[PDB]
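Same chain, two versions here, written out as structure tokens and called structure 1 and structure 2.
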Structure 1
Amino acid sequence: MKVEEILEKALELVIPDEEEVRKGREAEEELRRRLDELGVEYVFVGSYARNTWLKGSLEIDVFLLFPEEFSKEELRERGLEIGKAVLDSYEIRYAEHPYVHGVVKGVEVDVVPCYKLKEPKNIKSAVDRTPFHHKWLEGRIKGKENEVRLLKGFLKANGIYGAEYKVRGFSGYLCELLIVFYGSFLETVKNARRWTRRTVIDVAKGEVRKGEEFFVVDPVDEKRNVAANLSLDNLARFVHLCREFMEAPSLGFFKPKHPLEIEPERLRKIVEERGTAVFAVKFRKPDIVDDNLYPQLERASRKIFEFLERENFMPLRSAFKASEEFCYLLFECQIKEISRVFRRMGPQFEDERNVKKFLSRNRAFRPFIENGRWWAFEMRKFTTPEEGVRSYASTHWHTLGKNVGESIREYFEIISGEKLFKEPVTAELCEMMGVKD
């Protein structure tokens, strides 16, 4: 319905509602009140400050600004003190150096202590450059706030907003840098059609060039890749969505797909048509934060995938899910049953001592020579992919992530069939198998 009219309608799905904007301003004024009474110098940074936050993601970022001559724990101990006095409730979170996360009048706030540096040139981590992030964007982004919200809404409706590990998508700072570089949502989307996995966007030089990896150069620190947490596959999904949108634009690109919600009977039918083995490893969810859990689920699922490939079960795809109580690692394989017998490699015929050792073992069938080398028929200890994973998980839990592995050691189950379709995984199965509406 013409690109320009679709973008006007999308603004209603992307701009926060009335009670959100008011809820936020009440919390900000109260927060100013408490900090001012303590005599601390501070600055509100982030998407709240710059009026670029997406509908439904209200969150207030504050940095406490201190004299340049204070030690490492003079900023840690003192900075925390103020953060605990100013919030209704709090939690010691850990991004790189510890900060405070809490609530003020029912609104999430982060309080981060750092130096008051005149000019940046002083490297440490991402914490100490964040004030300079705000300083660089403030007033380069003025007038373009809705362009930022269009880009964030687009990305969110398609599951790729956020740099946290559950997502591996686009951060808020990244969205704002893109809008500054290209000028608008529409120009971002038109130009991203030509991005590659080697594209380097150098915001401070107004330059695009080729490199070894996808790299967005932080204008505050030339060694920092702002797109570091963006996965290759999510970059690919975004380039394809940009091409599709420009080919046939729709308001539907700004709305989240309502899920498949299939009945166990239709899934049973689909699994019968495909002729595959479909199963899950179930275990208790360890008590750790998402940014620690999700890298472990990814690793555990890859190590089991690699086992299935090496054992000739021909895995197609894998997925994983965490609920409140349990985690699930999901697999589909092309092979449901393999023969008991397999071929084990022995030595070359010339090597007399090692040939004697190879032929000494008792076996049911006779070894043989093929292309100058000895081989023997031997028996597998499992013949289905479910039996294989039971064995792998019981013995090699120590490679499946520190905490995920320790949980599997205590308890796991392999589930298939009518039992599997009753766990909260039908949505992940459907996506993994490419099931249509």
Structure 2
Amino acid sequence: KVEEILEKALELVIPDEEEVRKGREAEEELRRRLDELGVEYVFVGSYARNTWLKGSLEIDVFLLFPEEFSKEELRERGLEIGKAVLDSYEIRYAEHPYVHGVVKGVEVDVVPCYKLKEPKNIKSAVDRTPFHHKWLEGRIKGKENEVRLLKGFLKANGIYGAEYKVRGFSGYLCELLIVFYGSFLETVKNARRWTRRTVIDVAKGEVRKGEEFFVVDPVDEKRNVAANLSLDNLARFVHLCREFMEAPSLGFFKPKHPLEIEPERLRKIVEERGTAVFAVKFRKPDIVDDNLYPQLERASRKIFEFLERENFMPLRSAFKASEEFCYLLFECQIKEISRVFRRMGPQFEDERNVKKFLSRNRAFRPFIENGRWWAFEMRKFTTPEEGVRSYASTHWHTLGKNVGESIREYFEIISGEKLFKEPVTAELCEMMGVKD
């Protein structure tokens, strides 16, 4: 039963004694170093609140700087401090650069920010974190394991990140939720009633109907904590909660198995479907995933839209990325279509336009049907692939800034066996609902 299950579960979410110990002693040292320099700092994030998921140990040391300090100063002093304190560093990037390193074996993020008073004055997302922490530390105390359960559950099902490769629940949203419902289970139970118009005002302990799923930030009533949660990911969670409660099981916290498929069986199935399955391959632009995937979606969407207005009847689109290349995957109901198609002309009494419409030299002689004129025109292409080869070659600039630029210099359309031999077999099966 749920309880017995959640019990066996804490085991997969809570960091064991050694992963914890490792943490403390790393924070211990990290503390000394920072003081033997008299720097004004503050640990934030899931480490400072013991809400960190097992296996995801990382520390977040935020450096407080006067308001008056310039942007440049912040990062320079931040770069210096980070460098001196970290065993081994690495200048990372975001809204502004910050430093990432390791201390006594554990991960560390040394972010520079402005010491501020009261939410307004907020100069960057990072400035807001300190407030999020002060508001969260006193209220989440004693429920950390509820937070963890809720992450292992979301992480296990592929919707734990808030970044563009996940579009799911952010760890912050997770604690706010636990602070609202009181525990994992209560969150799971209530989530089942969530709709796309549900709004959760943590500060008001109230739930209301809005225009979109909105979890108003305690620190900023205008900020949506679940802003980048995809409408489909929300749907998948609402369902996942409904099923968990129907049949509790430790399997919900266990990362689903990769489940490889033999390319041969994939071939058979596509045949059983008798659809057009092809891919658009091009070199992976060298850019962070936060810029790459929002592009892959656009590109994939722009082509899907080309395919349907072109009468190829697309079923679903998808995409995969590698160290090497990127793939846009499509499946259609039409492997081929006739050359001729019917073009709609003016009504019979509009002498002006009628004449014009008839003034074009076509090959088949237009006709009248139910009051208006029509014409038989020929298509430029007759198969999905044939069309996308044309679309990608001329409309490359609309598939994203980067993706669009790598397609402009090189792209190929694969299909048949050649396609099943590309590292995209898994994605396809997920796209076709192939079950097993």
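In this text, rigid core is short for the largest set of C-alphas that superpose within 1.5 Å between two forms. Counting starts at 1 with the first residue of structure 1 and goes up one by one along its sequence.
Core-aligned, between structure 1 and structure 2, one residue among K72, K255, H240, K210 moves its CA by 2 Å or more. Tell me which. The displaced C-alpha is that of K72.
Kindly check if the Cα atom of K121 is displaced 2 angstroms or more between structure 1 and structure 2 relative to the superposed rigid core. Yes, shifts by 2 Å or more.
Checking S339 here: with the core superposed, does its CA move 2 Å or more between structure 1 and structure 2? Comparing the forms between structure 1 and structure 2, which are aligned on their rigid core, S339 does not shift its C-alpha by 2 Å or more.
With both forms fitted on the core, check whether the Cα of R25 differs by 2 Å or more between structure 1 and structure 2. Shift of 2 Å or more: yes.
Quick one: CA shift at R380 between structure 1 and structure 2, core fit, Å? Superposing on the rigid core gives a C-alpha shift of 1.3 Å for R380.
Please report, in Å, how much the Cα atom of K419 moves between structure 1 and structure 2 when the rigid core is superposed. That residue's C-alpha is offset by 0.3 Å.
How much does the C-alpha of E108 shift between structure 1 and structure 2, in angstrom, given a rigid core superposition? Value for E108 between structure 1 and structure 2: 2.9 Å of C-alpha shift.
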